[PDB]
2 protein chains.
Amino acid sequence: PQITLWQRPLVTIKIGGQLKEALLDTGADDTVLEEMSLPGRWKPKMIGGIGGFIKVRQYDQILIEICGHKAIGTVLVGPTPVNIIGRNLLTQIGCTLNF
Amino acid sequence: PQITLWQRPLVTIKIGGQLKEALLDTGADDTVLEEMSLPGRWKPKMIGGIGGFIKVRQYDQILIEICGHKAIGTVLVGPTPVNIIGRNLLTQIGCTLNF
Ligand SMILES: O=S(=O)(c1ccccc1Cl)N(Cc1ccccc1)[C@H]1CNC[C@@H]1N(Cc1ccccc1)S(=O)(=O)c1ccccc1Cl
Ligand SMILES: [Cl-]
Ligand SMILES: [Cl-]
Ligand SMILES: [Cl-]
């Protein structure tokens, strides 16, 4: 699909058997989701920008589906204000910027 | 052009006659640049980030060139981790996401 930027590029995703709404973010190196439970081991990490930094848990090799497109990659879980799908997963679905 | 996301989508912009490196951020509603001098009056604005809200300066109707494409719009100035071209200007240059 071709997504306009007149509005925030919000799409539906399926992760951990759950359906959530997330922002396709090209400025994000990583994928960050609001508090939730995920399988496997994790390690602490800090991500920051406008407003400062927040602490999150890093889970690797997590299965996720963005708009029907299945992808695998690292997912960070923490007190983010909005679900974010970063470049690490955007590439897996073949997403690109065009103008 | 078509821009993949394997690495940060950094491009060259021109503002106030100076060239700068900026990040194409679809996760950003607005365009935020590092501290710099801009003409005219400015108004206050609150922007939300990964770590919370902060106050930045808002300059309206500012000329700026992104990847050779000319645009004229709102530019916010504040302590951003990197220069960011948000949706407000990404739309002016006809940018969309595709996969
Ligand atoms: O928070 S920002 O400064 C911002 C800028 C302009 C307008 C609004 C905001 Cl919130 N920012 C840019 C940034 C930060 C740090 C390094 C490089 C760029 C956002 C915008 N998109 C990527 C960034 N994030 C995702 C995001 C957070 C909150 C709301 C929308 C999107 S993030 O979490 O800070 C993040 C930083 C580092 C690694 C992964 C992630 Cl995912
Ligand atoms: Cl990854
Ligand atoms: Cl590719
Ligand atoms: Cl604008």
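The figures that follow rest on heavy atoms only: side chains count, while hydrogens, waters and symmetry mates do not. Residue numbering restarts at 1 for every chain, and letters A, B, ... go by the order of the sequence lines.
Separating the CD1 atom in B/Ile72 from the CD atom in B/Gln92 is a distance of 7.5 Å, to the nearest 0.5 Å.
The residue among B/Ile85, B/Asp29, B/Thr26, B/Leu10 with the most heavy atom pairs within less than 4.5 Å of chain A is B/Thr26. The candidate with the highest count of non-hydrogen atom pairs below 4.5 Å against chain A, out of B/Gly86, B/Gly51, B/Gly94, is B/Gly51. Comparing B/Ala28, B/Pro9, B/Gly27, B/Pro81 by how many heavy-atom pairs each has under 4.5 Å with chain A, the most go to B/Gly27. With chain B as partner, the option from A/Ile93, A/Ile47, A/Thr4, A/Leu90 having the largest number of non-hydrogen pairs under 4.5 angstrom is A/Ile93. Your options are A/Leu5, A/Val82, A/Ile3, and the one with the most heavy-atom pairs under 4.5 Å with chain B is A/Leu5.
Judged purely by distance below 3.5 Å, without hydrogens or angles, the side chains of B/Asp60 and B/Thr74 pair a donor atom with an acceptor atom. A donor atom on one side chain and an acceptor atom on the other are found under 3.5 Å apart for A/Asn88 and A/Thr31.
Note: A/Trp42 and A/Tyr59 have tilted aromatic rings, judged against thresholds of 30 and 60 degrees for the angle between ring planes.
A donor-acceptor contact shorter than 3.5 Å links the side chain of B/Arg87 to the backbone of A/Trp6. When atom types are taken as modelled, the side chain of B/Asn83 and the backbone of B/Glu34 share a donor-acceptor pair closer than 3.5 angstrom.
Both the backbone and the side chain of B/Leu24 come within contact range of chain A, with heavy atoms under 4.5 Å apart. Residue A/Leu23 touches chain B through its side chain alone, counting heavy-atom pairs closer than 4.5 Å.
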